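Quick setup: one chain, the form deposited in one PDB entry, written in C-alpha cells, and binding and motion questions come after.
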C-alpha cells in the first residue's frame, strides 16, 4: 500500500504502519502543521512548517507507547477542483518526512459522510484501514484546532474559534479530545461551547402533539394552518398524518403564490374537504388569510405549531442535503428571514385551538440513517 483513491476519500499508508487497538489521531492544518506566512490560507504548497518544536518528540513517544498515528483531514478543495490532488499528496509526504514517524492519513475530499464532524473517516479506519483489529475508543485520542473555544480563552487569542468540527468529531465517535496546545504544550483546558442542540441523544419518544387530550384530526371540514421553520419536518408530518388521511394539501412551493394558496383553500372548502396549509406561515398577516377562509366557509380553523428550533431545522436541512440528492438547499438568508418575521401564534388571531408539534427523531428512518442523524452535522 501507498496512496489510495476511494469513494470521496484519499488514504495514505506509510512504511512502518502497524494496526493497533489504540489510535492517536490528529487534525492536519492548525494541529500538526501551520502556515509560515501567518495567513489562514496557504500562499503556496511550501507555505507550511511543523507547528510546535515539541511535536515530533511527542509522536515518537506515542508510537513507542503503541498508539497508531493517524491523520484525519478535511480538504474540500480537492473535490471542487481548486487544490490538485497530486499537489496535496506531495505536501503530505514532505510533512510526514519532517515528522520522522510512520503515519496513516485519511483525507476527506467531498462533502457528506466523510467530512468532519461526521465520523465516516473513523468508520473507514475501523472497517477497512485497520487490519481487522478492533480499536478501543476509550484508550485513544483525537487532537484538533477546531475546538469551539470561547473568545479570550488564552492571552493573545481574543477571537473565538471559527469551527467546532474537531471536538464534535470526537463526540460523534466517543473519543477523548485535546487541543493542540493542551496535548503538546500541556496548557490547561480551554473554555468551549457546544451547539445548543445535541442530536446524539434525540429520540422518537414522547407525545406526537400537545395537549394529548386534543384530537389530532377532525371528522368534519376545517382548515389547518401549519407554522414552522423551513426544514422543521412539516411536509413529512403533513403527508403522513393529514394528507394520506384525507386532507387536501395546500403547498406554496408547489403552487407559486399565496393568492393561489387562498384560492385552493376556498375551492377545497366548497367541496366539503378538510385542508392543510403547508407553509412557513411566520406572521399574523399570513395566517389571517387562511383564518378568514375558514370564517367565510363557516368551518373551524386550527393551528399546528411546529416547535423545531433554528438549530434543529438547520440540522435537518444538513441531513437531507447529505442523504437526498434531490433536496433543494435551504439557505441561511431564508432561515434567518423566517426568524425575523416570526410572531408566536395566539388564540387571539381567530384559532379554535393551537397544537404543539415537538421536534423528534423520525420513527420511519432506517437504523443506519438514524445512526447518521444522531451526529453533529456542522462545526
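Just so we're on the same page, rigid core means the largest C-alpha set that superposes within 1.5 Å between forms. Residue numbers count along the first chain shown, from 1.
Relative to one another, 131-139 and 197-205 have unequal mean CA B-factors, and 197-205 is the one with the higher figure. Stretch comparison (208-216 versus 181-189) by mean CA B-factor in the PDB entry places 208-216 on top. Comparing C-alpha B-factors across 354, 55, 33, 69 in the deposited entry, the largest value falls on 354. Per the deposited record, the Cα B-factor of residue 153 falls in the lowest third when ranked against the other modelled residues of its chain. Compared with the other modelled residues of the chain, the Cα B-factor recorded for residue 50 ranks in the lowest third.
For residue 258, the recorded CA B-factor ranks within the lowest third of the chain. Only modelled residues enter the ranking. Compared with the other modelled residues of the chain, the Cα B-factor recorded for residue 21 ranks in the lowest third. The PDB entry assigns residue 310 a C-alpha temperature factor belonging to the middle third of its chain's modelled residues.
What comes next is about the form deposited in another entry, which does not appear here.
Relative to the superposed core, residue 254 shifts its CA atom by 2 Å or more between the shown form and the other one. Here residue 51 does not count as shifted, since its C-alpha moves by less than 2 Å between the shown form and the other one after the core is aligned. Core-superposed comparison between the shown form and the other one: the Cα of residue 185 travels less than 2 Å.
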